[PDB]
Structure formats: C-alpha cells, structure tokens
Amino acid sequence: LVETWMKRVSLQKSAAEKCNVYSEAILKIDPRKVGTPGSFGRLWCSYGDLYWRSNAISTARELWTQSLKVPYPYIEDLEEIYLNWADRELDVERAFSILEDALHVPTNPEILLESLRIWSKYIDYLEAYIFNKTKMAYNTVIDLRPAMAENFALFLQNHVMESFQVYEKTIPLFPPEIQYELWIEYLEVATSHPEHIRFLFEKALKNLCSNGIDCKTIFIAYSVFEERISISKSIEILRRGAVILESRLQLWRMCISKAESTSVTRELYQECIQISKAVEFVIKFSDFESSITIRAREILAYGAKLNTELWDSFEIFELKXXXXXXXXXXXXXXXXXX
Amino acid sequence: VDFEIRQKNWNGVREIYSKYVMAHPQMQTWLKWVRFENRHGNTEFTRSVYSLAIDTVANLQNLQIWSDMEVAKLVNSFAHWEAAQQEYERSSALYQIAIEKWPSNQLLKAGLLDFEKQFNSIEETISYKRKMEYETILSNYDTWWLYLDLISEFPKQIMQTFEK
C-alpha cells in the first residue's frame, strides 16, 4: 500500500512519472489497488488529486477513471473522489450533478446491501444547496440508519409541522442517544408554540424510565410543561417522577426545589424526607417546618434522630425557648454519647 | 427448540412450534415463534404465521383463551411487522377488523393510536387524551380531566360527564 505512494511521492518532485506508476499498477487489476489495501486506500483518489493540481478536465477524467476502477470490500473509497469531484464541480449545477451521483450511490449501496459517511455528505449537499428533495434524502438516510440537523433546517427554511414530523422521526429513531432527542423535541415543541404535546411528554417519560440520566430534567420538563398549559398536582407529578439512586438524588433535589416553591407543602416535605440523602432531606423539611413552633420542633427532633450540621440546625431551631435550648444541649449530649 | 436450533435444520422445528402452541396456547409462544421466523430468511412464512395466529384468535373469539392483553400485544406485534413490510393497507384493515371483531378496545385503541402517531394528529390527541381521562378517573386532576374532555369535545358527553 505504502510503496505506491512512496513512488508517487518521489514523482511529486517533478510532474506525473511515478504517478503513472501508480496508474499503471492500479489499472492492471483490482488486486493491486483494491486488493493491496485491506481497508480503504486513496490511490485512485491520489491520482485524481495529482491531475487536479495539473489540470481540471484531465483531473475530472482521471477521477472518472478512479470511479471506474471498482474498489474492494471497503467503505468510503469512491466517496472522497466524488467529494473532490463535487467541490471541484461547484468551484450549483456541477455540484448538483455530484449530488445526483450521490443519489445513485445511495440507491446502489442500499441495493447492494439488500455509504453512511457518504449518506451524511449527501445530506450536507442537499441541505446546503430544493427543500423537499433534501427532506427526501433525510427520509432515505433515516431508513438507512443527525435528526437534530433535520429539525434545525426544518425550523429555519419552513418558518412547527416540519419539526413535528422531525419530532416523529426522532421518536422513530429508537436508536441510542434517544433521551436527548426526545428532550430536544419537547423543548422545540414548547418554544415553537398542546395536549398532544403533553401526551408525547408522558410517553417519553414512561418509556425513558430506565435511562438513569436527566430524570430530574425530564420531570422539570413535564411539570414545567403543565405549568405552561395552566398546576400543584403537576408539582406532585414532578415530585412523583423525582420520587421514583444518584439520578434519584438529583430528582429529590428537584423535589426540594419544587416543594420550597410550594398542608400540601407539609405532605411533600414528609414524603421527600421519608424517602444519607434522607438526612439531608430531613434538614430540608425540618427547615420547612421552621417556616410552618411545637410541630416544627418535633420535626427537628426527628431529623436529629436520623452529623454536626444537624447540631447547627437544632441551634437555629432553638432561636425560633430557654427550655428548648436546654433540650438542644440534652439531645446534643445524647448524640455525642451514641 | 434451542436444541433443534443448535441442530442446524429449520424443518420439523416448524411442526414442533405448531405443537408448542397446541400444548401452550399462550401468546408468548406465538411471539417466540414469530421471533424465530425473524431469524429465518423467508419473510413469507413470517406473514403466514401472523395470518395463522390471527385466524386462530378469530376462530376462538369468545371468552375461552388469554385476556385482552395478550391479543392486544399480538396485534401490536403484527402491526409493527407490517410496518417494516410494504402493505400498510392490510394493517389498516386489520386494525378496523380488530376494533370491529373485539370490544373493550382500550389496549387495541392505544396500539392503533400509537401506530397512527408513528405513521390524524387530532385523532391521536383525542382518543389518547380521552384514555388519559379514563386513567385520570381511575386515579381520583379530575378537574383537569373534565376540562380536557370539554376542550377535546362529543360535547354532550363532555357536559354529561362534566355533570357526573
């Protein structure tokens, strides 16, 4: 593989001499260019580049020769020649021609199977270059299989119906990094503007329960969405989502946030507290009690019973009483004993 | 089956699958069989198997098998197989047939709704939302339910159920 390119390198000092070596060696059979390289090898491509440096029509024709020279069991061999022929063509009718070529490739590669990088390139071409065709490519690409791009383009040129079916596409792309997709779609769906949306959100939630990643975020999205629509039962929805280990920790913090934003509040506090993190939660809800003197005190005591930051909390409570302070000393002493 | 798959052949296995339904008329069995046919190259038999299963379900329609759940699951699976395949017309027909042949279509309707969403929007929001109201009712956001109904509607059922 390297020998040929070394010869070519030598040739590079002058015009095409050992470039013609490559040409000769590769043109004899597929085994010397396609078979020599186990993976993809830019020998034909190299030749084309050389010709490009030399001239334009000759380069296009040399390149054409490269295309004709069918590569081995390898991916992204003729795509770089078609890419250097696309850009070259453009440097938007010749570029379209390269896009047509790409279309053929897509048809031919898909057909062959029953090309991914190539597909991406095609998409880039059809999107950058009118809209419906690009959409078609997107669809094809999806089938073959990024959708974020589709959403973006759709959002831009068609300005949420293109991004609604784009949202559908995301949903339908049951492939990994799907939580993010769903989230993004949700975000777009609220900003582009409704009960359908809510339903979608619910679906996302129920299905993406074993994510263990942005569950708190998801909950926020839900509760937030509900709020936008409207309310306090939606805070319980968020709470629920958050209530259902370290993802759940984050969740519980979310719950705390919601609950501080909130009898019902008391209930929430009781829940969250009850559910090491638990101690912290206790501190939270104990504080809540402090806002809500006897009951609060009791709550504080309970929290304490569940280390030295708790002492501080107790002290604070005692501010909110001489007898209470005495109790604090007592309880603290007891704690020390334990 | 595993033995008979570890055995390289894929005939006689078919017969035992057929018998494996005979002993265990369970939808899980059918689903497993379908999965096997998915491993199998000839897609014709996959569809054929689906046709068979559906036919059998039809024949023993009345309460003499599995619950609505299993049948719903089956219908869903079939629908998604067809979804991979060309003929969505037949899928649609099946769905209509399914709603026609089966009452108590919460599962069935749900599946149908999902398919519609995949493959209209108003309908989806409508039926799905209504289901959510039913779900809501089961929980008790009952106000939210009634409101939803009112918005979605039909309006006679909105005001009747509102009154209720």
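Protein chains in written order, with the entry's author numbering: chain T, 407 to 497, 501 to 523, 541 to 555, 566 to 581, 585 to 598, 601 to 634, 641 to 677, 680 to 693, 702 to 719, 723 to 735, 739 to 755, 758 to 771, 777 to 790, 1000 to 1017; chain S, 173 to 291, 295 to 315, 320 to 332, 334 to 344. Every residue, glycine too, gets a C-beta built ideally from N, C-alpha and C.
{"query": "Exposure of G213 (chain S), with buried meaning 16 or more beta-carbon neighbours within 10 Å", "result": "exposed"}
{"query": "Of the residues S:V173, S:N248 and S:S314, the one placed nearest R186 (chain S), counting alpha carbons only", "result": "S:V173"}
{"query": "Collapsed DSSP secondary structure at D782 (chain T) in the structure displayed", "result": "helix"}
{"query": "Close-in-space but distant-in-sequence residues of the same chain around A244 (chain S) (CB under 7 Å, 5 per side omitted)", "result": "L279, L280 and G283"}
{"query": "Run of the alpha helix (DSSP H) containing residue 563 (chain T), from where it starts to where it stops", "result": "For residue 563 (chain T), nothing is modelled; it lies in the interval where chain T passes from 555 to 566 with no residues in between."}
{"query": "Residue interval of the alpha helix (DSSP H) (run including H513 (chain T))", "result": "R503 to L522"}
{"query": "Euclidean distance between Cα positions of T201 (chain S) and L474 (chain T)", "result": "52 Å"}
{"query": "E308 (chain S) and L327 (chain S) closer than 7 Å at C-beta", "result": "yes"}
{"query": "Proximity below 7 Å, CB of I684 (chain T) to CB of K663 (chain T)", "result": "no"}
{"query": "Residue-chain proximity (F646 (chain T), chain S), Cβ-Cβ < 7 Å", "result": "yes"}
{"query": "Within-7 Å CB hit, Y320 (chain S) to chain T", "result": "yes"}
{"query": "Cβ shell of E209 (chain S) (< 6 Å), same chain only, five flanking positions each side left out", "result": "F217, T218 and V221"}
{"query": "Chain S contact for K682 (chain T) (CB, 7 Å cutoff)", "result": "yes"}
{"query": "Candidates S:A256, S:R305 and S:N234, of which the one nearest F334 (chain S) by Cα", "result": "S:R305"}
{"query": "The segment 258-271 of chain S touching the segment 232-240 of chain S, judged by at least three CB pairs closer than 8 Å", "result": "no"}
{"query": "Contact with chain S by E482 (chain T), beta-carbon distance below 7 Å", "result": "no"}
{"query": "Through-space distance from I713 (chain T) to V742 (chain T), alpha-carbon basis", "result": "13 Å"}
{"query": "Members of the segment 218-242 of chain S near chain T, C-beta cut-off 8 Å", "result": "none"}
{"query": "Environment of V476 (chain T) [buried if 16+ CB atoms lie within 10 Å]", "result": "exposed"}
{"query": "Sub-7 Å separation of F567 (chain T) and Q606 (chain T) beta-carbons", "result": "no"}
{"query": "Beta-carbon spacing of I549 (chain T), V514 (chain T) below 7 Å", "result": "no"}
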